[PDB]
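Asks:
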Amino acid sequence: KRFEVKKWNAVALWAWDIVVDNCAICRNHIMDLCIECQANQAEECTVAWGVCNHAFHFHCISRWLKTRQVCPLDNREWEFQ
Amino acid sequence: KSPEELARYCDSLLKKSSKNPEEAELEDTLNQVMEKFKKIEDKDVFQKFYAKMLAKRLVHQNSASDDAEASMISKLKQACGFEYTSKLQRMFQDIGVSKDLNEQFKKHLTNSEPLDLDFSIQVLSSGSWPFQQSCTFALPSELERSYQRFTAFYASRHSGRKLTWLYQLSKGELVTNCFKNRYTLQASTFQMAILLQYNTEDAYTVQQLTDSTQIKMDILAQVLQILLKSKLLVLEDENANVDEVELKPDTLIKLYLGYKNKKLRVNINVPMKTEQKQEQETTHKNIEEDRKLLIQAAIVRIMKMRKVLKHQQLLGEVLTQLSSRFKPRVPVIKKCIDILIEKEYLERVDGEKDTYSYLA
Ligand SMILES: [Zn+2]
Ligand SMILES: [Zn+2]
Ligand SMILES: [Zn+2]
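Protein sequence lines correspond, in order, to chains H and G. If you use PDB author numbering, the first sequence corresponds to residues 20 to 61, 66 to 104, in order. Counted from 1, the second sequence has number 733 at position 317 by PDB author numbering; the numbering is strictly sequential.
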């Protein structure tokens with residue numbers, strides 16, 4: 020029971036690294052509350072994900088989806104999952 | 417399918433399956449292909465297919481002739497502008513910078529660290545190449561040294577870049593000790609990973625591999641069905657349907673120690689059958705989206721020009737300009753316009769009904 024590696028030919032894609040850990044719609048940290056809930060002060068403010076793997080507070084991406092339909096961060100229509 | 421088959425045909429001619437094609441005569445047949453092309457409706461479909469096709473050739477050195485390849489890029493650019501052969505030429509220049517980049521990594525290693533394997537990598541610019549993310553793959557320990565050692569190397573190279581490893585395109589070479597003879601296996605990186613697993617036990621279930629290689633079973637199933645094709649691995653029943661007998665998360669896999677082959681270097685890295693379909697479907701979706709981008713582009717070239725225009729006049733211009741690359745569908749341009757407003761590139765003139773204006 021023994022295999023060994025003599026060669027490995029790898030393939031990679033280089034891009035610029037953009038660290039987006041905010042909600043694109045209300046602009047504050049995903050991991051804390053959205054703008055609208057800090058207006059309401061004092066678990067039901069979750070983050071929704073799209074087939075595009077982009078994430079926004081579920082609260083924002085709703086109000087946003089009221090007037091628009093293509094993900095705030097790409098060219099495709101927004102799709103939950 | 418006609419504009420697609422023409423591209424697939426070009427692959428045929430500029431691909432080497434080891435048999436050398438007379439140089440000069442192919443120049444005539446390339447120039448022949450270029451004439452059946454000018455008579456194509458959905459040019460843009462040929463483009464996507466001929467790029468994704470030129471892609472597989474470059475990455476695997478599988479190119480019949482260095483000269484023919486660029487010969488077709490001077491014809492295509494002369495027949496569809498520099499938009500059509502923008503990404504193409506960038507892929508050539510990319511492979512070259514990669515070649516240069518690799519060496520520059522060997523030297524840095526030559527003077528400093530050891531390497532347990534012969535490593536070779538192709539960095540490609542995340543934009544030009546028609547490839548996609550792998551499938552959540554768990555990296556084998558031996559390769560990992562070459563991973564981190566390069567990722568760290570690259571961090572030095574550039575300020576804000578990032579690497580995205582495409583394991584579903586990476587290959588390599590295993591060497592066998594556990595068989596009658598000494599074989600050199602030419603295996604995909606998915607393969608290598610399941611083979612290195614039999615360096616402890618000699619049998620796992622379909623569910624145990626998915627847990628130790630993180631390979632989504634969908635793709636893990638198609639792979640094992642190749643590892644059973646070659647008698648490298650086998651199951652409890654040495655008679656089952658080699659093609660039709662689907663596996664289950666509970667079906668076992670056994671390392672066949674009776675491996676025999678009439679040659680020392682084998683190629684087990686064969687194209688699996690569900691690939692020429694799945695990659696076709698994905699390319700179609702990328703075309704459909706590419707058209708949408710082309711259109712937004714038109715809408716903006718036009719709106720930018722005549723600062724105000726009525727919906728119907730817009731549609732007609734957009735068709736006029738794109739007519740040479742393809743046969744746009746009306747409902748789409750509608751949608752592109754709409755998106756363009758959500759993007760704030762153009763707005764609706766209040767009072768006016770379906771008159772749009774560009775937002776400088
Ligand atoms: Zn938010
Ligand atoms: Zn909220
Ligand atoms: Zn998105």
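We put the beta carbon where it would ideally sit given N, CA and C, even for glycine.
Measuring straight from C-alpha to C-alpha, what distance separates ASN447(G) and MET488(G)?
Replies: Taking the second sequence and counting its residues from 1, the one referred to as residue 447(G) is at position 31. Taking the second sequence and counting its residues from 1, the one referred to as residue 488(G) is at position 72. Going by the C-alpha atoms only, they are around 8 Å apart.
Asks: Distance, Cα to Cα, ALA619(G) vs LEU533(G)?
Replies: Taking the first residue of the second sequence as 1, we reach residue 619(G) at position 203. Taking the first residue of the second sequence as 1, we reach residue 533(G) at position 117. Between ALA619(G) and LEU533(G), the C-alpha separation is close to 26 Å.
Asks: With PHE606(G) as the anchor, note down where its alpha helix (DSSP H) starts and where it stops.
Replies: Translated into the one-based positions of the second sequence, residue 606(G) becomes position 190. It spans 605 to 611 - the alpha helix (DSSP H) in which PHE606(G) sits, taken as one unbroken run.
Asks: Quick one: using the 10 Å Cβ neighbour count with 16 as the cut-off for buried, is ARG741(G) buried or exposed?
Replies: Along the second sequence, read from residue 1 onward, the residue named residue 741(G) stands at position 325. Flag for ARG741(G) reads buried.
Asks: Which parts of the stretch 493 to 560 of chain G are runs of the beta strand (DSSP E), unbroken and 3 residues or longer, counting only runs that do not cross its ends?
Replies: 534 to 541
Asks: Buried or exposed for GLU438(G), going by 16 or more other Cβ atoms inside 10 Å?
Replies: Counting from one through the second sequence, the residue named residue 438(G) turns up at place 22. So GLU438(G) ends up on the exposed side.
Asks: What does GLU102(H) reach in chain G if we use C-beta pairs closer than 9 Å?
Replies: Counting from 1 along the first sequence, the entry for residue 102(H) is found at position 79. Those do not exist, as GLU102(H) stays about 13 Å from chain G at its closest Cβ, beyond 9 Å.
Asks: My guess is that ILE755(G) and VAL93(H) are in contact by the Cβ rule of under 8 Å, so how many angstroms apart are they, rounded?
Replies: Taking the first residue of the second sequence as position 1, residue 755(G) is located at position 339. Taking the first residue of the first sequence as position 1, residue 93(H) is located at position 70. Indeed, because the Cβ distance is near 5 Å, the residues count as touching under 8 Å.
Asks: Within 7 Å: the Cβ of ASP40(H) and any heavy atom of ligand 3?
Replies: The residue you call residue 40(H) lines up with position 21 of the first sequence. Not under cutoff, so the answer is no.
Asks: Out of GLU660(G), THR621(G), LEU680(G) and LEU649(G), which has the shortest C-alpha to C-alpha gap to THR667(G)?
Replies: Reading the second sequence from its first residue, position 251 is the one you call residue 667(G). Relative to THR667(G), the option among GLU660(G), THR621(G), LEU680(G) and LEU649(G) whose CA is nearest is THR621(G).
Asks: What do you get for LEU585(G), buried or exposed, if any count of 16 or more other CB atoms within 10 angstroms of its CB means buried?
Replies: Here the question's residue 585(G) lines up with position 169 in the second sequence. Per the 10 Å Cβ criterion, buried.
Asks: Can you tell me where the alpha helix (DSSP H) holding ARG473(G) begins and where it ends?
Replies: In the second sequence, counting from the first residue as 1, residue 473(G) sits at position 57. From DSSP, the alpha helix (DSSP H) with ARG473(G) extends over 459 to 475.
Asks: Which residues in the same chain have their Cβ closer than 7 Å to the Cβ of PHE569(G), if we skip the five residues on either side of it in sequence?
Replies: Translated into the one-based positions of the second sequence, residue 569(G) becomes position 153. Contacts found: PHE521 and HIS524.
Asks: Does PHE547(G) have its Cβ less than 8 Å from a Cβ in chain H?
Replies: Taking the first residue of the second sequence as position 1, residue 547(G) is located at position 131. Any Cβ of chain H closer than 8 Å to the Cβ of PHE547(G) would place that residue at the interface, and such an atom is present.
Asks: Which of the three DSSP states, helix, strand or coil, is assigned to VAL765(G)?
Replies: Position 349 of the second sequence, counted from the first residue, corresponds to residue 765(G). DSSP places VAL765(G) in coil when its eight states are reduced to three.
Asks: Can you tell me whether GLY588(G) is buried or exposed? The criterion is at least 16 other CB atoms within 10 Å of its CB, across all chains shown.
Replies: As a first step, residue 588(G) is located in the second sequence; it is residue number 172 there, counting from the start. Burial call: buried.
Asks: Just to confirm my understanding: we take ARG561(G), look at its own chain, exclude 5 residues before and 5 after, and list those with CB closer than 7 Å. What are they?
Replies: One-based indexing of the second sequence puts residue 561(G) at position 145. The answer, listed in chain order, is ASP532.
Asks: Taking only three categories from DSSP, how would you classify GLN602(G)?
Replies: Position 186 of the second sequence holds residue 602(G). Three-state result, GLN602(G): strand.
Asks: Please name the residue, chosen from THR567(G), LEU442(G) and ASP427(G), that lies closest to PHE465(G) on a Cα-to-Cα basis.
Replies: As a working note, residue 465(G) is residue 49 in the second sequence. Minimum Cα distance to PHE465(G) is reached at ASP427(G).
Asks: Pull the bridge partners of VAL30(H) from the DSSP assignment, please.
Replies: Against the first sequence, residue 30(H) aligns to sequence position 11. BP columns for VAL30(H) point to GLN538(G).
Asks: Apart from the five residues just before and just after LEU517(G), which ones in its own chain have a Cβ nearer than 7 Å to its Cβ?
Replies: Here residue 517(G) corresponds to residue number 101 of the second sequence, with the count starting at 1. Excluding positions up to five away in sequence, the list reads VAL539.
Asks: Helix, strand or coil: which one does DSSP assign to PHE566(G)?
Replies: Position 150 of the second sequence, counting from 1, holds the residue named residue 566(G). Residue state for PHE566(G) is assigned as helix, using DSSP reduced to three classes.
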